[PDB]
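Colleague: Mind looking over this structure? Questions follow.
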4 protein chains.
Amino acid sequence: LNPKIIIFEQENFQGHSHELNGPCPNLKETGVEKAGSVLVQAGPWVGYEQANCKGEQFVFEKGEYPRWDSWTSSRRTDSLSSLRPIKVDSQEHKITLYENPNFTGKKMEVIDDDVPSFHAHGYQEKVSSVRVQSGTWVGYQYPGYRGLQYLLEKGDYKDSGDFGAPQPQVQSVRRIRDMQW
Amino acid sequence: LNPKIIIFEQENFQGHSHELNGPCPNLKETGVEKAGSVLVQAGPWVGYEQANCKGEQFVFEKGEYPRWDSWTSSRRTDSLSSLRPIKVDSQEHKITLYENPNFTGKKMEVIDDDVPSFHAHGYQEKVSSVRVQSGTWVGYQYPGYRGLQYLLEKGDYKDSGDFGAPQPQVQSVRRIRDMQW
Amino acid sequence: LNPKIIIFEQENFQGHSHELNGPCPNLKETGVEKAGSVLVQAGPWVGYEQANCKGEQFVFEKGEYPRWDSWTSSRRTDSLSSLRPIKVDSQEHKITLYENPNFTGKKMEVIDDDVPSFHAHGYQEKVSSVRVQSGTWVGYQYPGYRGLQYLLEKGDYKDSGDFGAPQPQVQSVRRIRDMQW
Amino acid sequence: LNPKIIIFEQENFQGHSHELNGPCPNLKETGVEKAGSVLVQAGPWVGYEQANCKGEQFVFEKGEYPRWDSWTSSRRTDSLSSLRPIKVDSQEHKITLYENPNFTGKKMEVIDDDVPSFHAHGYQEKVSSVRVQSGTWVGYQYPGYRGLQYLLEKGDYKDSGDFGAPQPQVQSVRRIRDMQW
């Protein structure tokens with residue numbers, strides 16, 4: 001829901017502690033004199049050498065940082081004065097296939113890759129509706145990309161007829177990754 | 001520039017031929033009585049069993065289709081009456097690093113992956129400007145993700161100072177793929 | 001444990017059925033006159049047009065094949081006379097990190113990719129022993145490939161001292177994928 | 001041919017320099033008193049804090065290291081006394097398809113991934129022989145995994161007949177990545 005990082009006045013997560021859920025242009029404001037240890041529970045975050053998000057940068061990933069050298073590659077400075085969460089830009093291609101019409105029953109989500117066999121994913125229900133959130137996909141009736149093919153583009157298919165299936169049957173899907181125009 | 005597919009009245013790319021650069025809701029219009037062979041030079045395209053982009057679907061990828069069974073998995077019908085190019089939705093994470101300021105000199109493009117060493121890619125120039133088109137990246141001064149770190153988010157950095165580098169030096173980059181908020 | 005495929009005399013998995021757990025150079029031997037439908041539960045398998053694993057080839061992946069055209073792209077022939085499982089050659093790079101010495105306690109397996117943060121995988125125990133089954137890896141004390149580095153090559157490390165850690169602490173790992181010699 | 005790394009007595013690649021093409025259990029032997037800068041041209045290499053490949057570890061990737069802090073994350077010690085190249089264990093799945101029999105003419109190498117269209121790779125010759133070095137692959141006559149299928153396992157196919165092709169025609173290939181036994 002929120003990013004979450006905890007700063008400690010002392011190493012080893014010792015001393016006065018302070019939780020942040022958003023940017024802090026001036027950490028002195030949290031009462032902790034000079035961060036000594038940091039604990040990141042929901043990130044990532046970028047911390048700065050100076051206030052206002054200026055000077056040397058340090059990116060913090062989920063995990064434990066028990067001392068300043070754990071985060072300053074340069075080992076330039078031990079100063080940590082500003083923090084902010086990072087909104088990561090990370091684009092996947094995703095399609096969700098559902099057992100029943102209208103996006104109900106068992107579901108199967110596929111992120112970016114091709115799947116030559118749904119039963120090998122434990123999916124063995126029929127496919128009555130599909131939601132394509134991104135990417136260009138091709139669904140096939142049988143495993144190994146065989147039988148009738150259905151082009152699946154961004155959009156909602158509430159029923160199998162909408163994608164052209166004569167029966168709510170899909171057993172493989174592949175993503176179209178290239179265009180030569 | 002345009003998609004390009006050529007339909008032949010006969011198998012083996014024989015007979016009256018017709019080039020399409022866009023959708024054809026009714027192939028009879030091209031003079032070719034019943035497509036016998038198809039050649040795709042810039043795709044992909046989706047063809048349909050009936051006019052107006054109705055009935056069984058067939059997706060065509062760059063390559064040669066010398067006969068109807070080469071494209072109809074069902075082998076249901078041999079009918080090909082409508083065609084249209086497919087606009088593929090395919091999202092990459094890309095960053096371009098340039099030798100000189102302002103996006104000039106030698107360049108290096110990185111698509112989605114991490115690169116622990118620029119010299120192993122043949123890139124050994126300094127890095128003075130960066131263009132991030134998508135993704136969240138972290139640039140480092142030395143190979144193996146060492147030294148000063150620079151967070152690189154969508155945007156243009158005309159000079160190294162804009163990304164916080166004290167010198168136009170970058171030798172590794174990694175992409176931030178997850179957020180826990 | 002064994003591959004498993006079931007052949008039916010009739011379409012739709014109807015009629016006399018027969019389970020195979022190994023190669024059948026002559027399917028007539030199973031009593032089913034001409035396979036009509038096939039069900040693959042543990043594969044893949046390769047089937048042949050003629051006996052003895054001769055003629056047209058058809059590869060079967062986990063899933064349901066309710067009729068012959070579901071498996072013969074050519075749609076050449078409807079004949080299925082020999083079957084054999086395929087031993088797939090599929091090489092991964094794998095490392096397992098364990099909470100306690102000697103390969104005990106909680107464990108974390110990593111297949112081929114880099115992991116910048118163990119806590120983001122739900123792993124937050126210390127790392128006392130490592131098993132590297134394949135690949136060249138580099139373990140680091142903190143997230144984001146920071147702190148002491150430990151080169152991890154094929155082999156068993158029963159205790160953290162064997163990999164050179166001063167403490168059973170590892171929070172990131174990356175695989176070395178290239179050599180320039 | 002050999003790994004190659006050059007050690008300099010001074011920072012910025014200054015001073016007495018020494019090239020290594022193999023392990024050096026005691027760098028004092030090269031005349032350079034305390035490495036100040038390192039240049040890696042063919043690696044990777046692992047360096048050690050003490051002689052004989054003991055103490056803190058530092059992995060060196062192709063690139064420039066102008067000062068000691070460029071390589072010691074700990075920033076523990078500035079000592080570099082032993083070096084050795086790393087033999088990387090890195091397993092790919094590779095298949096090479098050739099225009100003419102016997103592994104001659106134009107060639108196309110495929111490493112690990114599926115290729116739905118050879119013409120989209122610029123390959124438009126026929127395929128008369130195949131070398132599979134690793135992996136389990138399936139070759140198809142037309143693009144998009146259509147037409148006759150040929151199972152391609154580790155081994156040499158000097159002519160198209162050996163893989164069962166009736167014509168030296170292959171336009172797509174996919175790798176079989178899973179086995180359920």
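Numbers here mean position along the shown chain, with the first residue as 1.
Yeah, the Cβs are placed from backbone N, Cα and C, and that goes for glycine too.
According to Swiss-Prot, the protein carries these features:
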DOMAIN    C:3-42  domain 'Beta/gamma crystallin 'Greek key' 1'
DOMAIN    C:93-134  domain 'Beta/gamma crystallin 'Greek key' 3'
DOMAIN    C:135-177  domain 'Beta/gamma crystallin 'Greek key' 4'
CARBOHYD  C:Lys34  glycation site
CARBOHYD  C:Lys54  glycation site
CARBOHYD  C:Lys62  glycation site
CARBOHYD  C:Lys87  glycation site
CARBOHYD  C:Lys94  glycation site
CARBOHYD  C:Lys106  glycation site
CARBOHYD  C:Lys107  glycation site
CARBOHYD  C:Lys126  glycation site
CARBOHYD  C:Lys154  glycation site
CARBOHYD  C:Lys158  glycation site
Colleague: What residues elsewhere in the chain lie close to the domain 'Beta/gamma crystallin 'Greek key' 3' (C:93-134), defined as a C-beta under 8 angstroms and at least 6 residues from its ends?
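Modeller: For the domain 'Beta/gamma crystallin 'Greek key' 3' (C:93-134), the far contacts come to 143-145, 152-160, 163, 165, 167-175.
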Colleague: Chain A sits near which of the glycosylation sites C:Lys34, C:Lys62, C:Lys106, C:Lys107, C:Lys126, C:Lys154, counting only a Cβ gap under 8 Å?
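Modeller: Correct list, in sequence order: C:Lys62.
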Colleague: Going by DSSP assignments with H, G and I as helix and E and B as strand, what are the residue counts for the domain 'Beta/gamma crystallin 'Greek key' 1' (C:3-42)?
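Modeller: Output for the domain 'Beta/gamma crystallin 'Greek key' 1' (C:3-42) reads 4 helix, 21 strand, 15 coil.
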Colleague: Spatially, which candidate from the glycosylation sites C:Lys54, C:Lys106, C:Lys107, C:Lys126 is nearest to C:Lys94 (glycation site), comparing Cα atoms?
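Modeller: With Cα distances computed to C:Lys94 (glycation site), the winner among C:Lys54, C:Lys106, C:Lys107, C:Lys126 is C:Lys107.
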Colleague: Can you tell which of the glycosylation sites C:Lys34, C:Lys54, C:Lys87, C:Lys126 lies nearest to C:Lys106 (glycation site) in space, using Cα positions?
Modeller: C:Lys126
Colleague: Between C:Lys54 (glycation site) and C:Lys34 (glycation site), how far is it from one CA atom to the other, in Å?
Modeller: 16
Colleague: List, in sequence order, the same-chain residues at least six positions removed whose CB sits under 8 Å from that of C:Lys154 (glycation site)?
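Modeller: Result: C:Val132, C:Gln133, C:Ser134, C:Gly135.
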Colleague: When you tally the Cβ atoms that lie within 10 Å of each candidate's Cβ, which of the glycosylation sites (C:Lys54, C:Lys62, C:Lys94, C:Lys107, C:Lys158) has the highest tally?
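Modeller: Checking each of C:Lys54, C:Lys62, C:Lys94, C:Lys107, C:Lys158, the winner is C:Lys62.
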Colleague: Which of the three DSSP states, helix, strand or coil, fits C:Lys126 (glycation site)?
Modeller: coil
Colleague: Here are some glycosylation sites: C:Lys34, C:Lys87, C:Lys106, C:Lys126. Which one has the most Cβ atoms within 10 Å of its Cβ?
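Modeller: Answer returned by the neighbour count: C:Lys126.
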Colleague: Out of C:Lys34, C:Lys62, C:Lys106, C:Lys126, C:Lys154, C:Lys158, which glycosylation sites come under 8 Å of chain D, measuring Cβ to Cβ?
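Modeller: Checking chain D against the glycosylation sites, the residues within range (Cβ-Cβ under 8 Å) are C:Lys62, C:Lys154.
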Colleague: Any idea what the Cα distance is from C:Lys126 (glycation site) over to C:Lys62 (glycation site), rounded to a whole Å?
Modeller: 39
Colleague: Measuring CA to CA, name the entry from the glycosylation sites C:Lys34, C:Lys87, C:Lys158 that ends up nearest C:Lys107 (glycation site).
Modeller: C:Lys158
Colleague: Could you find out if DSSP has C:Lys54 (glycation site) as helix, strand or coil?
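Modeller: DSSP call for C:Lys54 (glycation site): strand.
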